[PDB]
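Next up is one chain by itself, shown in structure tokens, the form deposited in one PDB entry.
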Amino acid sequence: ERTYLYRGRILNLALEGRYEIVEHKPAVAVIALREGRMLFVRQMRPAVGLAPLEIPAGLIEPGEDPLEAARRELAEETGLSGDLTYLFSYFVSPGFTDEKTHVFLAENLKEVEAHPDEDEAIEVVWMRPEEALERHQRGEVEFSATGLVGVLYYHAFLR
């Protein structure tokens, strides 16, 4: 029942009667704790003009299931591997997009890929979740949904 206005690289824009719909690939995100610090990442995000606090995340590529994508994103963004457990999923904004995010826990982390130079295209930000939440409350950092989900999951289940 949909008409396409635009077919792009990570999204399509469609109209469905009165509804404006953005089709988007599904995503993964990985919650990881070590020594009381959560593994956050930051990168410049042109859609928002700032670098919010996120957790390792990205799009599921052709051929992959969510577990495999989660492994890949953890390795590509942080150089780590771990034992991954599926937690839950969510639709990021079901009033306009079908993007669905599958969230995993990672335990028993090991460095498998060295962090080249001082590369900060993706910045690795180990931070206690309590400190992330305080910084946010102070107006000092913004959250993505994945970062906030990580912080809340920690406070609910990992203390």
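We call the rigid core the largest set of C-alpha positions that still match within 1.5 Å between the two forms. Only residues modelled in both forms are compared. A residue's number is simply how far along the shown sequence it sits, counting from 1.
One more form of this protein exists, namely the form deposited in another entry; it is left out here, but the text below deals with it.
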item	value
Residue showing a 2 Å-or-more C-alpha displacement between the shown form and the other one once the rigid core is overlaid, selected from 45, 128, 115, 100	115
Closer or farther in the other form: C-alpha pair residue 29, residue 114 (3 angstroms or more)	farther
Note on residue 126-residue 115 C-alpha separation in the other form, which departs from the shown form by 3 angstroms or more	farther
Mobile segments between the shown form and the other one - rigid core superposition, Cα shift of 2 Å or more, 3+ residues	113-120
